[PDB]
């Protein structure tokens, strides 16, 4: 905590005065900045040297940003950059970072001669500079500070540094070339300065233009609920056409802002999943692991933008034919395989009667075999008693639920069929049945 210097008349100026006055004005600006920005550290720009990478070292041609302690930085050129960092010929799967010593008054801040692991924040160097006034006398030689930025392994870090993550090496091959994890993303203050973020945006805009035009075309060429639900999705997509177009053209865009919009998009999208609500832990923004959090977020977005809008459960209509014989037509070809089936049954007999006699007297089969089953006296599809109404169908007190058992040669003919045939022998007083299909 750096305080403001008092300057009195008759005061003898010492280097400390300026040193402390700099400390204070820096804290002043840092306090102002940190009070109004929540993820204030990371890279505005970062250019890693790809050629140097063949020689088993990580170099930075240029970079700019803010360190975790609030220190701003910017360097362009090998003379200005941190020492390249060589990688062991055995170490593997290590995170590399760009670190800087934390300020401390209990230790020297500026040094004039480099040192292995010295914690000074600056290195002194000399440079001639012009006076700035029109009237002047010549130039002057000053000493300046050079932030002691440093590339090192994450494992080498300790409480005396602040670091932005830069990359991760996965392999030092035989020929000394470095295999980087091109997926790890650094802390970024601007999505525009990282290529992965940029194509997250670019990719999403493409998904949205694509499904936007698929839908608008079909809604333009059919009035059911199915149509309304689709219009609702198109509406949600259309909102995010504008949003992501703005993100696509913006010169500066903090990733947190982008992530907030897209997380809302993803949870609203889950409305159209079969579950109707987000499932499991939501992605949480992590400014120092953007790759993990935008990765999960992008998966949800892609699932959501690829979902086919579909019913999870529907009631089939029993249509009466000959005495005791009902037929329920399946919607389409694929329903037989994508669904399970439950027969709900109410009757004014004891449950003991229902459970023993009803399955025995009901024969379910594809229409093509029901006559054979009755004429030859063979069972149909099996019925399994469910303990309680499933959750996808409405509870009706008094009803007993039976699940149709799949598998076997009879069920295989059912999968080729378009209608169930339910032929019941005898009678049950007050009998009522519902026939339900539930997605698997």
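Residue numbers count along the first chain shown, from 1.
Deposited sequence between residue 77 and residue 78: no residues lack coordinates (chain continuous). For the two regions 80-88 and 267-275, the entry's Cα B-factors average higher over 80-88. Between 412-420 and 6-14, the higher mean Cα B-factor belongs to 6-14. Of all the options 197, 119, 319, 299, the entry's greatest CA B-factor is assigned to 119. Among 364, 349, 159, 207, the highest C-alpha B-factor in the deposited entry belongs to 159. The PDB entry assigns residue 49 a C-alpha temperature factor belonging to the highest third of its chain's modelled residues. Residue-level temperature factors show residue 112 in the highest third of its chain, judged at the C-alpha atom. Ranked within its chain, residue 56 lands in the highest third, by CA B factor from the PDB record. Remark: residue 135 belongs to the highest third of its chain, ranked by C-alpha B-factor as recorded. Ranked by C-alpha B-factor against the other modelled residues of its chain, residue 218 falls in the highest third.
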